[PDB]
Amino acid sequence: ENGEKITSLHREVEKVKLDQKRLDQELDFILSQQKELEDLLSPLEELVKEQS
Amino acid sequence: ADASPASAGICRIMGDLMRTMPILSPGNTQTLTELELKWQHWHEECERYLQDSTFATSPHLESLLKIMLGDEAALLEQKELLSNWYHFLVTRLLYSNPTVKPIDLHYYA
Amino acid sequence: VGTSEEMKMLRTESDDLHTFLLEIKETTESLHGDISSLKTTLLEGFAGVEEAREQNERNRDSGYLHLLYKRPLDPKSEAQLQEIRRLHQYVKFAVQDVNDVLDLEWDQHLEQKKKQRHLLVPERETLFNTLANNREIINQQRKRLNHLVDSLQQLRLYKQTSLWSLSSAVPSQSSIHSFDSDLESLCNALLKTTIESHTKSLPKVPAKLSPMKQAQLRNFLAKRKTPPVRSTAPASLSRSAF
Amino acid sequence: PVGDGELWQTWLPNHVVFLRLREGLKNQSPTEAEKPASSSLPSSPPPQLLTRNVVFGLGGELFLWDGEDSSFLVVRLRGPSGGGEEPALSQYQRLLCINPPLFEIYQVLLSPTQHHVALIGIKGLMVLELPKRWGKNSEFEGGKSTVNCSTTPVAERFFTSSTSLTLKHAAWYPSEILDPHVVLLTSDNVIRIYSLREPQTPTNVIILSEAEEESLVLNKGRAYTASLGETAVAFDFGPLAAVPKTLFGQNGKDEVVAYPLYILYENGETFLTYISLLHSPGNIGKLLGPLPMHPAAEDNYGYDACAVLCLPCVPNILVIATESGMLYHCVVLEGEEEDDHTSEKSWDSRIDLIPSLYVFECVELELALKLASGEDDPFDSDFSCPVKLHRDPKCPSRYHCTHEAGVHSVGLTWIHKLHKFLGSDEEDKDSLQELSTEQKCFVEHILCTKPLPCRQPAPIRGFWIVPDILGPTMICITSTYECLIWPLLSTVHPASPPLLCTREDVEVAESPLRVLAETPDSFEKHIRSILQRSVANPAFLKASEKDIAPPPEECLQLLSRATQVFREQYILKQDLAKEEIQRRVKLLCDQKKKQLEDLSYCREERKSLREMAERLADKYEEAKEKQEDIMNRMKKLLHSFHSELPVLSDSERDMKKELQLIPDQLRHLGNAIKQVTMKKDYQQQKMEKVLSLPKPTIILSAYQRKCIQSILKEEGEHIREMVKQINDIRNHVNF
């Protein structure tokens, strides 16, 4: 009874540890793609400053 | 337990021993020997918690465990909470002889 | 193997930690939602760069300017007009909804204040009538669920073993005037337990053997050698210490 | 409880009835010690020593025949059920015969109806009627110290005239539905059924000899048939059976039902007859045999056959027993139908289908203990006497054997396999393969009274098995009236599988013990297997204050036989059980250690998962604030790319009409909100201005609160079972 708990407890420890580490890396991908958008946006902010 | 988060865990061990006690139920198809053998396990489990000293952080709960084990010394330490000798008798039967018969009873009285 | 306390500590600290492997899982599986929301707002951003690119080049044609008299709203200007229309209709309904709830409270205050002038006891029976309603709703869903099981067993889609069910109980009044009803109830129960009936037949004859099993058993035993099963004396007294 | 059982073992052998009978037997012994012999020769052999049972029991009382009073002595096995008083060692009832039996009694038998007792002797039968029970204790005549019982002599005029006639065997007819009938077998090879209504005339008579058409000649050859074993010795009844339809003419339809009586001869031939006391004697009662015993035997299965027992099973099991102590286990099966193929010149067209006997095994009993004599003496003499068989009243796979030197118990382990194989489907061959696996009977020497060759035996005078009041418990009474008691095992246990602990362990994630949770007895049954004895020392009857002292050499061999059996069957198995409990307890200590190390690692990762989740929230809101200013740069650029348009469209001008209309509707809505607020303010201040007198507290009584808490339980548990039953159906009906 004590072992069936502790061996199943251990399996959800390593699960949440895997998915937390997945979120860390999917955040790195967002932060990288946000820069590709920001380096793309900034030239349009220059053209309007000349045209005005 | 609601007021004292330091004792509450131990107060709940005491309260759960107060739920494992084999009391006879009038609607229930058991033998006296079944009540007897179950109460013997409950006594062998209550005394077990006294050997690992489980209640030696609150002497009130340590007294309640001795009372629930039929300790005739701790029961007489409760004499100022036993207003008469026949309540002491019925307490002593509840915690030391739950299969008592009419033809044993004189000796306990 | 241990004490009663060790084997109990191994249960509590396991459950005192299993609780947190829900606490820290629910935040992890929740944050995946808002991380998936943020990726959607990122793709809105990538689309907005290219709308802004196309509109910057569209504004550089001299023909396009001639059609602007017949342009619809831009989708942001109409989405704000549709939001203004939605909010106007909501603020209009919730003014009525709150007005009419406040009259439903207020004539109920008048009704309680009418009822308060002719005595006591409604605050007992709403409790028991709700229990009686819930108890027949339990019986109606139970009647419906068995009829589904009958139907599924008709169709042979379901097969079952055996299950059982529960019964009620009631306690007495304490306050000194019931005893002859408590006794007449007991008297009618004793009268309804007074004796029953009798039966007669021959015994059932035991089942006959199958002739095929009987012939197999003859054909087994007729080939069996039958060496005797002796009372087993110890096979070497030549191991005595004297 | 359990402690209820030891008191009767010490009390009952010391009861005053066993003291009376151990004093009478002393007073009988003084008289005949001195006359010198003179020269004559009696031309006669000694009488046959018949193994006895002059004891029975009924409902919770034991009944012993006192032949010195000519009465039963009746002793109670039910103590006072609460009372603080000890069971009185002095208390019994006497049941005295109104007419005394005019012969020595060797056996007693209670009727199926439990009201009548047969008193059985070599020259007669008398039957006793039990007096009516009443009073606070259900006592004979309400508790009289002596009661007088009605006694009827049976077949008296036949035994008192035919001086060369004797009884061999007797029983009750198997009925609870008729008058009590008694069945006798006598020294003329004739069975006779008598009614207690008509106790001097037989209701039915069955001749067992082939002797038709040679009549009008006298009686003498009874010497010479007996030398060939052509004497009927014993009989027993099988269960109630439907008669084979070939035994009647092709007129009938009603299936006639009768008892199969099995009959044994002194040569060991067996015969059958079907007996009814409910049908007309047309073909009913014909003798059928000799019944062929398979396989064939080159000794011919002995020639000293003395007892038979028919077990209440399907197929029948007939136990046959000899004076040599051999017990044969004959399964009874109906005969075979012969195809018309390839045979010629049989010469009677009247083959009745006769059932066949099939020997499953044979048992050889140690009647007296065998010791180590020399290899050089071809003339030591095996100690034979008439084996007496008894049915067990609580275990249909056990029976018991009493003889002059002891008592043996026998359990037929394979009967459960036979009932399995016959009760499964017609293609089940593997239950017949289980019937081939060599679980033999078990044989158990409970009592020894001749433990040494030199010693005189103490022949059993009383035998009974108590079913309900001492548990299943055996009672034996000696030739010396010593009472001996053994609790019987409630079940014939077969041998368990060989040792579930020659396992080497292998780690991947799960415990090898999960498979041992499925059966609650698992480890205790493995210890109970290691402790399973395959020989034991019999319980020895004490030597008497009149016995000859034996040679020291017999006593050394008896000691070494006993200490060897203790060393090999108890001590070795108890140290093996100890090593098994040592191995098991260690594995649990080491698994308990592992679980604390496992738990302590998960306790540190409890910190790890928090000091990670916190930073994942920090890193998310950083990416989110960054997305909003990228989007709030985007939402500004798109707004500048629409501002340079030189004219207002049809849609800009007409949205401007709607936006010019909305402010006056907002002027009405922004008064309606205030009217609803001032309604709430007025209502709330009119509720406030009532809160200055008390409501009475609705104190639901301690029983009325418990009523609602019991109803909300019943209904909440009904709801759980409906939520369950919907999910159980949904798990079966996957679409």
# chains A, B, ... in the order shown; residues from 1 in each chain; ligands from 1
call {"tool": "residues_around", "arguments": {"residues": "segment 50-66 of chain C", "least_positions_apart": "5", "cutoff": "9 Å", "atoms": "only C-alpha atoms", "output": "list in words"}}
result
residues 44 of chain A; 634, 637, 638, 641, 642, 644, 645, 646 and 647 of chain D
call {"tool": "interface_residues", "arguments": {"of": "chain D", "to": "chain A", "cutoff": "7 Å", "atoms": "only C-alpha atoms", "output": "CSV table (one decimal) with N, CA, C and O atoms, in the first residue's frame"}}
result
chain,number,residue,atom,x,y,z
D,595,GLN,N,11.6,2.5,0.3
D,595,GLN,CA,10.5,3.5,0.3
D,595,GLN,C,10.8,4.8,1.1
D,595,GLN,O,10.3,5.9,0.7
D,599,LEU,N,10.9,8.2,-1.0
D,599,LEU,CA,10.2,9.4,-0.4
D,599,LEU,C,11.0,10.6,-0.2
D,599,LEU,O,10.6,11.7,-0.5
D,602,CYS,N,11.8,12.4,-3.5
D,602,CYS,CA,10.6,13.2,-3.9
D,602,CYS,C,10.4,14.4,-3.0
D,602,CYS,O,9.9,15.5,-3.4
D,609,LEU,N,10.6,21.6,-8.2
D,609,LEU,CA,9.4,22.0,-9.0
D,609,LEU,C,8.8,23.3,-8.7
D,609,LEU,O,8.2,23.9,-9.6
D,613,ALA,N,8.7,26.4,-11.3
D,613,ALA,CA,7.4,27.0,-11.6
D,613,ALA,C,7.3,28.6,-11.4
D,613,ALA,O,6.8,29.3,-12.2
D,616,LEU,N,9.1,30.2,-14.3
D,616,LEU,CA,8.2,30.1,-15.5
D,616,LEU,C,7.1,31.1,-15.6
D,616,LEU,O,6.9,31.6,-16.7
D,623,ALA,N,7.7,37.9,-21.5
D,623,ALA,CA,7.3,37.7,-22.9
D,623,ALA,C,5.9,38.4,-23.2
D,623,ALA,O,5.7,38.8,-24.4
D,630,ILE,N,4.9,45.5,-28.6
D,630,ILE,CA,5.0,45.1,-30.1
D,630,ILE,C,3.6,45.3,-30.7
D,630,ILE,O,3.5,46.0,-31.7
D,637,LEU,N,0.9,52.0,-36.1
D,637,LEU,CA,1.3,52.0,-37.5
D,637,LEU,C,0.1,51.8,-38.4
D,637,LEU,O,-0.2,52.7,-39.3
call {"tool": "atom_distance", "arguments": {"atom1": "atom CA of residue 21 of chain C", "atom2": "atom CA of residue 615 of chain D"}}
result
17.7 Å
call {"tool": "atom_distance", "arguments": {"atom1": "atom CA of residue 221 of chain D", "atom2": "atom CA of residue 182 of chain D"}}
result
28.7 Å
call {"tool": "select_by_dssp", "arguments": {"residues": "segment 354-526 of chain D", "states": "strand (DSSP E or B)", "output": "JSON, numbers by chain"}}
result
{"D": [356, 357, 358, 359, 360, 361, 362, 363, 364, 388, 389, 390, 391, 398, 399, 400, 401, 402, 406, 407, 408, 409, 410, 411, 442, 443, 444, 445, 446, 447, 448, 462, 463, 464, 465, 466, 473, 474, 475, 476, 477, 483, 484, 485, 486, 487]}
call {"tool": "closest_residue", "arguments": {"among": "D:11, D:552, D:278, D:82", "to": "residue 99 of chain B", "atoms": "only C-alpha atoms"}}
result
D:82
call {"tool": "interface_residues", "arguments": {"of": "chain B", "to": "chain D", "cutoff": "12 Å", "atoms": "only C-alpha atoms", "output": "list in words"}}
result
residues 31, 32, 33, 34, 35, 36, 37, 99, 100, 101, 102, 103, 104, 105, 106 and 107 of chain B
call {"tool": "closest_residue", "arguments": {"among": "B:5, B:46, B:51, B:85", "to": "residue 69 of chain B", "atoms": "only C-alpha atoms"}}
result
B:46
call {"tool": "residues_around", "arguments": {"residues": "segment 78-81 of chain B", "least_positions_apart": "4", "cutoff": "12 Å", "atoms": "only C-alpha atoms", "output": "ChimeraX atom specification"}}
result
/B:60,63-64,66-67,71-74,85-89,91-92
call {"tool": "closest_atom_pairs", "arguments": {"of": "chain C", "to": "chain A", "cutoff": "7 Å", "atoms": "only C-alpha atoms", "output": "Markdown table"}}
result
| residue | atom | partner | partner_atom | distance |
| --- | --- | --- | --- | --- |
| C:10 | CA | A:2 | CA | 6.5 |
| C:11 | CA | A:2 | CA | 6.2 |
| C:14 | CA | A:6 | CA | 6.6 |
| C:18 | CA | A:9 | CA | 6.3 |
| C:21 | CA | A:13 | CA | 6.9 |
| C:25 | CA | A:16 | CA | 6.1 |
| C:28 | CA | A:20 | CA | 6.3 |
| C:32 | CA | A:23 | CA | 6.9 |
| C:39 | CA | A:30 | CA | 6.9 |
| C:42 | CA | A:34 | CA | 6.9 |
| C:46 | CA | A:37 | CA | 6.3 |
| C:49 | CA | A:41 | CA | 6.3 |
call {"tool": "closest_residue", "arguments": {"among": "D:343, D:685, D:113, D:201", "to": "chain C", "atoms": "only C-alpha atoms"}}
result
D:685
call {"tool": "atom_distance", "arguments": {"atom1": "atom CA of residue 60 of chain D", "atom2": "atom CA of residue 78 of chain D"}}
result
6.1 Å
call {"tool": "residues_around", "arguments": {"residues": "segment 226-234 of chain C", "least_positions_apart": "2", "cutoff": "10 Å", "atoms": "only C-alpha atoms", "output": "PyMOL selection string"}}
result
(chain C and resi 221+223-224+236-237) or (chain D and resi 294-295+297+326-329+359-367+369-371+408+440-445+534-537+561-562+564-565+568)
call {"tool": "closest_atom_pairs", "arguments": {"of": "chain C", "to": "chain B", "cutoff": "8 Å", "atoms": "only C-alpha atoms", "output": "tab-separated table"}}
result
residue	atom	partner	partner_atom	distance
C:3	CA	B:48	CA	7.1
C:4	CA	B:48	CA	6.0
C:5	CA	B:49	CA	6.6
call {"tool": "write_last_selection", "arguments": {"atoms": "C-alpha atoms", "output": "PDB file, in the first residue's frame"}}
result
ATOM      1  CA  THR C   3       6.662   0.092  14.759  1.00  0.00           C
ATOM      2  CA  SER C   4       3.010   1.201  14.240  1.00  0.00           C
ATOM      3  CA  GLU C   5       4.263   4.828  13.916  1.00  0.00           C
TER       4      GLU C   5
END
call {"tool": "closest_residue", "arguments": {"among": "D:168, D:123, D:417, D:656", "to": "residue 153 of chain D", "atoms": "only C-alpha atoms"}}
result
D:123
call {"tool": "residues_around", "arguments": {"residues": "segment 169-173 of chain D", "least_positions_apart": "6", "cutoff": "9 Å", "atoms": "only C-alpha atoms", "output": "list in words"}}
result
residues 109, 110, 111, 112, 118, 120, 180, 181, 182, 183, 184, 185, 186, 193, 233, 234, 235, 236 and 237 of chain D
call {"tool": "residues_around", "arguments": {"residues": "residue 10 of chain B", "least_positions_apart": "4", "cutoff": "10 Å", "atoms": "only C-alpha atoms", "output": "PyMOL selection string"}}
result
chain B and resi 1+5-6+14-16+54-55+57-58+61
call {"tool": "select_by_dssp", "arguments": {"residues": "segment 40-240 of chain C", "states": "helix (DSSP H, G or I)", "output": "PyMOL selection string"}}
result
chain C and resi 40-58+64-66+68-70+75-115+125-154+179-191+211-221
